[PDB]
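S.K.: Submitted below is the structure of interest, expressed as structure tokens.
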Amino acid sequence: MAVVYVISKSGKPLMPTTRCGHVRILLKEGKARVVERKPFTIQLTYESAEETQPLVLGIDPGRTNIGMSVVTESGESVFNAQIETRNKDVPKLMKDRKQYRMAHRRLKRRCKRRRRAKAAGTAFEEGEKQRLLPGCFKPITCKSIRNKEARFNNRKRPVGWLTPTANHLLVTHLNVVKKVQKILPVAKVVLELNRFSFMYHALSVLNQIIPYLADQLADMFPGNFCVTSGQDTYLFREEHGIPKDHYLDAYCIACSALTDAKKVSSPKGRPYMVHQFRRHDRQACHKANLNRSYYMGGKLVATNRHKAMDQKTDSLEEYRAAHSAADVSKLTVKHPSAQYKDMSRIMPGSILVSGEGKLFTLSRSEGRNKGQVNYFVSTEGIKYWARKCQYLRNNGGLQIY
RNA sequence: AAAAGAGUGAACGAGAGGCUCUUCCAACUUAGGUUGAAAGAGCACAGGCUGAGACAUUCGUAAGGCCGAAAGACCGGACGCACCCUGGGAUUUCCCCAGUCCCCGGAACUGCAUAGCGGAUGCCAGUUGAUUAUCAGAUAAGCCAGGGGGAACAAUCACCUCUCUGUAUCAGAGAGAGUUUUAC
DNA sequence: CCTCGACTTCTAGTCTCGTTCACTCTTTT
DNA sequence: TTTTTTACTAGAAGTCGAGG
């Protein structure tokens, strides 16, 4: 039945097991010591032999659902996972980081300098200046003063420089291989090299990282790194009739390297689920409201005084056109103040226990009153009064649900 | 090889908005208040680093062409600069990285020449201690700031059986050796 | 009969356009 | 000539009881 992973006293991933009774007696015997609650690992506390039979790990690459599966040689299944990456958030978080940065460098230096210039009388006499900068053919308009040197001509990257979003995917894939190697004694590694010519979109960073992952996983398993092919995976899924399921593809990718695989049966049983939680959140501002709202009878009648970029709702300007000065003289303005996040908060991914004693993994902290989170939501979707909950462990990035 | 695809990373420049304040006008209610128009001034995660580096004007920036009466222009690429290299930093942290930036070296490489750098002149800081000196302090038109890990940190008993309560379920609590051994 | 409050319950968050540059992977041919 | 709507965290408004 269940498979209880085992680790040597020396901390060496030994073969797991499936005896159950002995895995309890041996816990009551104290001989052992839980090392993880899921997947259940038990480190022996009586140094014994550490024999470990050969195991193959089939990695099915992917940008949001990395799938892995360690299989015995006969073709038996000892582990099956389905990692859900956060690779789709990294790209957008960086676009925002850019806008934010460019704003800081426009509203806190450029303008300022342009303000201090006009004030000191140290500004272009024309007030504007077209400047054809080396590399461009169309000039750039500089108001009041010149432009901090633009650097876009010879910025060199190391060879094989991969973009933040791609690096992430790669590391992830490998970080998961390392977590699997701390529970089971992995020997060889099969990877399913994918292929998209480009001739629910994405499917791009994977094509760029597949090559680098293959190299990296060839040094992690020196002399033991094979590469299958989606096609083979399919041929297998019709040859051994593995019920088609995105998560049953890794078992197939892995069962390929196996030569005399006699006991190849679909790896039944729901596969473990791993969620990736961000490690650092250096953002401090939750919302800077940015809106001067007007309220005649306490109801918005002007979100600004004049429209803004993409502002659809009417602005005081429109109102003044529709109503009178006796009307505009009664309006009430209400601009809420910027809301800053609590940058030392138990971060989504932490492990906590409820007042009743249920252990859970923070998914999101909903609510705040008098400076105290109102509810800690679990990854299962239950809401617990934070005030009563207890902190146990911080985020680990890849966290099994 | 190009050719495209398909993502994703830089630097610099402009706006619409916004915040505060001033002046003025109008409106509306109690000299006052509220609101708006117009003009002006300042301000732009929380922060960390550093004391100056910003701006303006002017001059200087290789030989080699080649064209000019010349002056000069144009090409070129230096004994010029560099986003390039070597080293060292700031941001920077439990432990790392990215990015950006900075400081001395500049060989190759790579880039630029209306750029960049340097000089000159102008204009924009802060001065107090602890002790002429030294060590703090003060001081921006300095730089970086909304990216990625990893470690460590349990009130971590899973699975099978029985009993009890709830629960349409399922869930909760208690006890248990269930075939050895991770390999007879 | 309120009201004071422990909690529920629920909504909401900036945006666009200039002058350039980059590196990495697939495929076409 | 248009690439794709995500979602945690903060804070205001609301309800349910206390209770006196």
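Labels used: A, B, ... for chains in the order of the structure tokens, numbers from 1 for residues in each chain, and numbers from 1 for ligands as shown.
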Would you mind listing, as a ChimeraX atom specification, all residues of chain B that have at least one atom within 8 Å of chain A, where only C-alpha atoms (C1' of nucleotides) are what counts?
M.R.: /B:5-14,16-18,27-28,34-36,44-46,54-56,83-84,98,110-112,114-115,123-124,141,146-149,153-160,177-178,182
S.K.: Can you check which residues of stretch 97-258 of chain A DSSP gives as alpha helix (DSSP H) on the backbone and send them as a short mmCIF file (atom, residue, chain, number, x, y, z; two decimals) with C-alpha atoms, in the first residue's frame?
M.R.:
```cif
data_model
loop_
_atom_site.label_atom_id
_atom_site.label_comp_id
_atom_site.auth_asym_id
_atom_site.auth_seq_id
_atom_site.Cartn_x
_atom_site.Cartn_y
_atom_site.Cartn_z
CA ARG A 97 9.42 46.60 -11.42
CA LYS A 98 10.54 48.41 -14.62
CA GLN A 99 7.70 50.97 -14.73
CA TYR A 100 8.21 51.62 -10.99
CA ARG A 101 11.97 52.07 -11.54
CA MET A 102 11.53 54.33 -14.60
CA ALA A 103 9.05 56.46 -12.58
CA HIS A 104 11.49 56.83 -9.63
CA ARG A 105 14.11 57.97 -12.21
CA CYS A 111 11.97 66.43 -13.40
CA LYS A 112 13.60 67.64 -10.19
CA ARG A 113 16.81 68.51 -12.06
CA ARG A 114 14.60 70.23 -14.70
CA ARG A 115 12.79 72.10 -11.86
CA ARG A 116 16.06 73.17 -10.16
CA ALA A 117 17.47 74.18 -13.58
CA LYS A 118 14.59 76.48 -14.59
CA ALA A 119 14.94 77.98 -11.08
CA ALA A 120 18.74 78.61 -11.21
CA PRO A 164 15.16 36.03 -15.24
CA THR A 165 11.93 34.13 -16.26
CA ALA A 166 13.97 31.39 -18.04
CA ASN A 167 16.61 31.10 -15.28
CA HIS A 168 13.69 30.64 -12.84
CA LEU A 169 12.17 27.77 -14.89
CA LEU A 170 15.55 26.04 -15.13
CA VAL A 171 16.52 26.35 -11.49
CA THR A 172 13.04 25.19 -10.54
CA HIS A 173 13.29 22.02 -12.65
CA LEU A 174 16.66 21.26 -10.95
CA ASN A 175 15.57 22.31 -7.39
CA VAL A 176 12.76 19.68 -7.72
CA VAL A 177 15.30 16.97 -8.81
CA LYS A 178 17.30 17.81 -5.63
CA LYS A 179 14.23 17.51 -3.33
CA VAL A 180 13.44 14.06 -4.89
CA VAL A 205 10.99 29.73 -22.02
CA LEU A 206 10.84 25.87 -21.98
CA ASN A 207 12.32 25.68 -25.53
CA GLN A 208 15.16 27.99 -24.34
CA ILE A 209 15.92 26.14 -21.02
CA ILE A 210 15.53 22.49 -22.24
CA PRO A 211 19.10 22.55 -23.66
CA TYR A 212 20.69 24.02 -20.45
CA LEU A 213 18.70 21.67 -18.14
CA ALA A 214 20.00 18.66 -20.13
CA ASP A 215 23.64 19.78 -19.60
CA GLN A 216 23.04 20.60 -15.90
CA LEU A 217 21.33 17.21 -15.25
CA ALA A 218 24.26 15.44 -17.04
CA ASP A 219 26.68 16.61 -14.28
CA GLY A 230 7.49 13.00 -26.68
CA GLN A 231 6.85 10.56 -29.51
CA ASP A 232 8.37 7.67 -27.59
CA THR A 233 6.29 8.75 -24.60
CA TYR A 234 3.22 8.40 -26.90
CA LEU A 235 4.37 5.05 -28.42
CA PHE A 236 4.71 3.79 -24.79
CA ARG A 237 1.29 5.23 -23.77
CA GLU A 238 -0.19 3.05 -26.51
CA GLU A 239 2.15 0.12 -26.13
CA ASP A 249 3.56 11.00 -18.78
CA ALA A 250 6.61 11.11 -16.44
CA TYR A 251 6.17 7.41 -15.51
CA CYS A 252 6.28 6.76 -19.29
CA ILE A 253 9.33 9.03 -19.87
CA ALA A 254 11.06 7.15 -16.98
CA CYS A 255 10.00 3.58 -17.93
CA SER A 256 11.82 4.16 -21.30
CA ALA A 257 15.43 3.84 -19.96
#
```
S.K.: So that I can see what lies close to residue C:3, please list as a short mmCIF file (atom, residue, chain, number, x, y, z; two decimals) with C-alpha atoms (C1' of nucleotides), in the first residue's frame the residues with an atom at most 12 Å from it, counting only C-alpha atoms (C1' of nucleotides) and leaving out residues fewer than 4 positions away in the same chain.
M.R.:
```
data_model
loop_
_atom_site.label_atom_id
_atom_site.label_comp_id
_atom_site.auth_asym_id
_atom_site.auth_seq_id
_atom_site.Cartn_x
_atom_site.Cartn_y
_atom_site.Cartn_z
"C1'" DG D 17 -24.42 39.13 20.71
"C1'" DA D 18 -23.41 41.18 25.43
"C1'" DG D 19 -25.36 43.01 28.62
"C1'" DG D 20 -26.84 45.70 31.24
#
```
S.K.: Give the strand (DSSP E) residues of stretch 59-169 of chain A, as assigned by DSSP on the backbone, as a PyMOL selection string.
M.R.: chain A and resi 59-60+66-72+77-84+128-131+140-143
S.K.: Using N, CA and C atoms, can you write the selected residues to a file as a PDB file, in the first residue's frame?
M.R.:
```
ATOM      1  N   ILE A  59      11.864  12.978 -15.769  1.00  0.00           N
ATOM      2  CA  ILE A  59      11.443  14.404 -15.675  1.00  0.00           C
ATOM      3  C   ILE A  59      10.695  14.773 -16.949  1.00  0.00           C
ATOM      4  N   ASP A  60       9.427  15.158 -16.851  1.00  0.00           N
ATOM      5  CA  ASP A  60       8.623  15.636 -18.002  1.00  0.00           C
ATOM      6  C   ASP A  60       8.647  17.159 -17.954  1.00  0.00           C
ATOM      7  N   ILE A  66       5.707  20.947 -14.060  1.00  0.00           N
ATOM      8  CA  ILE A  66       6.787  19.979 -14.125  1.00  0.00           C
ATOM      9  C   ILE A  66       6.327  18.682 -13.485  1.00  0.00           C
ATOM     10  N   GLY A  67       6.482  17.574 -14.199  1.00  0.00           N
ATOM     11  CA  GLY A  67       6.093  16.269 -13.641  1.00  0.00           C
ATOM     12  C   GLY A  67       7.289  15.361 -13.514  1.00  0.00           C
ATOM     13  N   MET A  68       7.412  14.631 -12.410  1.00  0.00           N
ATOM     14  CA  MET A  68       8.561  13.734 -12.166  1.00  0.00           C
ATOM     15  C   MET A  68       8.058  12.408 -11.611  1.00  0.00           C
ATOM     16  N   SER A  69       8.832  11.335 -11.745  1.00  0.00           N
ATOM     17  CA  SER A  69       8.428   9.985 -11.289  1.00  0.00           C
ATOM     18  C   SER A  69       9.626   9.051 -11.192  1.00  0.00           C
ATOM     19  N   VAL A  70       9.956   8.585  -9.991  1.00  0.00           N
ATOM     20  CA  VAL A  70      11.056   7.609  -9.775  1.00  0.00           C
ATOM     21  C   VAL A  70      10.441   6.230  -9.941  1.00  0.00           C
ATOM     22  N   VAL A  71      11.056   5.366 -10.733  1.00  0.00           N
ATOM     23  CA  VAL A  71      10.506   4.048 -10.963  1.00  0.00           C
ATOM     24  C   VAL A  71      11.550   2.982 -10.716  1.00  0.00           C
ATOM     25  N   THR A  72      11.133   1.848 -10.168  1.00  0.00           N
ATOM     26  CA  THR A  72      12.068   0.751  -9.995  1.00  0.00           C
ATOM     27  C   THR A  72      12.402   0.221 -11.366  1.00  0.00           C
ATOM     28  N   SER A  77       6.520   1.771  -9.631  1.00  0.00           N
ATOM     29  CA  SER A  77       6.490   3.227  -9.346  1.00  0.00           C
ATOM     30  C   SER A  77       6.735   3.467  -7.859  1.00  0.00           C
ATOM     31  N   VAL A  78       7.695   4.319  -7.500  1.00  0.00           N
ATOM     32  CA  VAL A  78       8.063   4.575  -6.081  1.00  0.00           C
ATOM     33  C   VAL A  78       7.753   6.025  -5.716  1.00  0.00           C
ATOM     34  N   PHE A  79       7.531   6.901  -6.689  1.00  0.00           N
ATOM     35  CA  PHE A  79       7.213   8.328  -6.442  1.00  0.00           C
ATOM     36  C   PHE A  79       6.607   8.945  -7.695  1.00  0.00           C
ATOM     37  N   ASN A  80       5.630   9.841  -7.553  1.00  0.00           N
ATOM     38  CA  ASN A  80       4.998  10.560  -8.687  1.00  0.00           C
ATOM     39  C   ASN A  80       4.563  11.927  -8.183  1.00  0.00           C
ATOM     40  N   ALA A  81       5.012  13.007  -8.808  1.00  0.00           N
ATOM     41  CA  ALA A  81       4.688  14.383  -8.383  1.00  0.00           C
ATOM     42  C   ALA A  81       4.117  15.186  -9.543  1.00  0.00           C
ATOM     43  N   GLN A  82       3.676  16.418  -9.294  1.00  0.00           N
ATOM     44  CA  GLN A  82       3.150  17.329 -10.341  1.00  0.00           C
ATOM     45  C   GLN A  82       3.388  18.737  -9.821  1.00  0.00           C
ATOM     46  N   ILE A  83       4.571  19.284 -10.050  1.00  0.00           N
ATOM     47  CA  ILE A  83       4.964  20.613  -9.515  1.00  0.00           C
ATOM     48  C   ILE A  83       4.224  21.690 -10.295  1.00  0.00           C
ATOM     49  N   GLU A  84       3.591  22.649  -9.622  1.00  0.00           N
ATOM     50  CA  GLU A  84       2.923  23.802 -10.274  1.00  0.00           C
ATOM     51  C   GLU A  84       3.801  25.022 -10.034  1.00  0.00           C
ATOM     52  N   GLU A 128      14.198  73.741 -25.144  1.00  0.00           N
ATOM     53  CA  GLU A 128      14.089  72.391 -25.735  1.00  0.00           C
ATOM     54  C   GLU A 128      15.316  72.203 -26.615  1.00  0.00           C
ATOM     55  N   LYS A 129      15.693  70.965 -26.905  1.00  0.00           N
ATOM     56  CA  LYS A 129      16.879  70.680 -27.736  1.00  0.00           C
ATOM     57  C   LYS A 129      16.746  69.295 -28.327  1.00  0.00           C
ATOM     58  N   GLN A 130      16.742  69.190 -29.650  1.00  0.00           N
ATOM     59  CA  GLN A 130      16.716  67.878 -30.327  1.00  0.00           C
ATOM     60  C   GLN A 130      18.145  67.356 -30.270  1.00  0.00           C
ATOM     61  N   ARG A 131      18.364  66.114 -29.851  1.00  0.00           N
ATOM     62  CA  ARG A 131      19.676  65.560 -29.699  1.00  0.00           C
ATOM     63  C   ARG A 131      19.813  64.256 -30.332  1.00  0.00           C
ATOM     64  N   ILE A 140      16.065  63.230 -30.121  1.00  0.00           N
ATOM     65  CA  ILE A 140      15.348  63.088 -28.820  1.00  0.00           C
ATOM     66  C   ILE A 140      15.164  64.485 -28.239  1.00  0.00           C
ATOM     67  N   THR A 141      13.971  64.834 -27.766  1.00  0.00           N
ATOM     68  CA  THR A 141      13.672  66.184 -27.237  1.00  0.00           C
ATOM     69  C   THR A 141      14.044  66.267 -25.766  1.00  0.00           C
ATOM     70  N   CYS A 142      15.004  67.111 -25.415  1.00  0.00           N
ATOM     71  CA  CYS A 142      15.444  67.323 -24.021  1.00  0.00           C
ATOM     72  C   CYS A 142      14.925  68.690 -23.586  1.00  0.00           C
ATOM     73  N   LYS A 143      14.094  68.753 -22.550  1.00  0.00           N
ATOM     74  CA  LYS A 143      13.492  70.013 -22.069  1.00  0.00           C
ATOM     75  C   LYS A 143      14.333  70.581 -20.938  1.00  0.00           C
TER      76      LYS A 143
END
```
S.K.: Please determine the contact residues of chain C with respect to chain A at a cut-off of 7 Å, counting only C-alpha atoms (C1' of nucleotides), and supply them as a PyMOL selection string.
M.R.: chain C and resi 13+15+19-21+23-27
S.K.: Give me a file of those residues, with C-alpha atoms (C1' of nucleotides), as a PDB file, in the first residue's frame.
M.R.:
```pdb
ATOM      1  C1'  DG C  13      -5.325  48.107  -6.673  1.00  0.00           C
ATOM      2  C1'  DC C  15      -1.299  54.570 -17.578  1.00  0.00           C
ATOM      3  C1'  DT C  19      15.022  57.397 -29.452  1.00  0.00           C
ATOM      4  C1'  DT C  20      17.720  53.069 -29.409  1.00  0.00           C
ATOM      5  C1'  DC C  21      19.949  48.227 -27.644  1.00  0.00           C
ATOM      6  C1'  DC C  23      20.688  37.355 -25.886  1.00  0.00           C
ATOM      7  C1'  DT C  24      18.607  32.342 -26.694  1.00  0.00           C
ATOM      8  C1'  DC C  25      15.777  28.853 -28.618  1.00  0.00           C
ATOM      9  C1'  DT C  26      13.161  26.916 -32.854  1.00  0.00           C
ATOM     10  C1'  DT C  27      12.238  26.683 -37.762  1.00  0.00           C
TER      11       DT C  27
END
```
S.K.: Only residues of chain D matter here; which ones have an atom within 9 Å of chain A, counting only C-alpha atoms (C1' of nucleotides)? Give them as a PyMOL selection string.
M.R.: chain D and resi 6+8-11
S.K.: Determine the nearest neighbour of residue B:58 from the options B:23, B:121, B:180, B:128, counting only C-alpha atoms (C1' of nucleotides).
M.R.: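 Nearest to residue B:58: B:121.
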S.K.: Please list as a VMD selection string every residue within 8 Å of stretch 74-80 of chain B, counting only C-alpha atoms (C1' of nucleotides) and excluding residues in the same chain fewer than 3 positions away.
M.R.: chain B and resid 61 to 62 64 to 67 117
S.K.: Write out as a VMD selection string the residues lying within 10 Å of stretch 90-97 of chain B, counting only C-alpha atoms (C1' of nucleotides) and excluding same-chain residues fewer than 6 positions away.
M.R.: chain B and resid 48 to 50 143 to 145 148 to 152
S.K.: For atom CA of residue A:191 and atom CA of residue A:56, determine how far apart the two atoms are, in Å to one decimal place.
M.R.: 10.5 Å
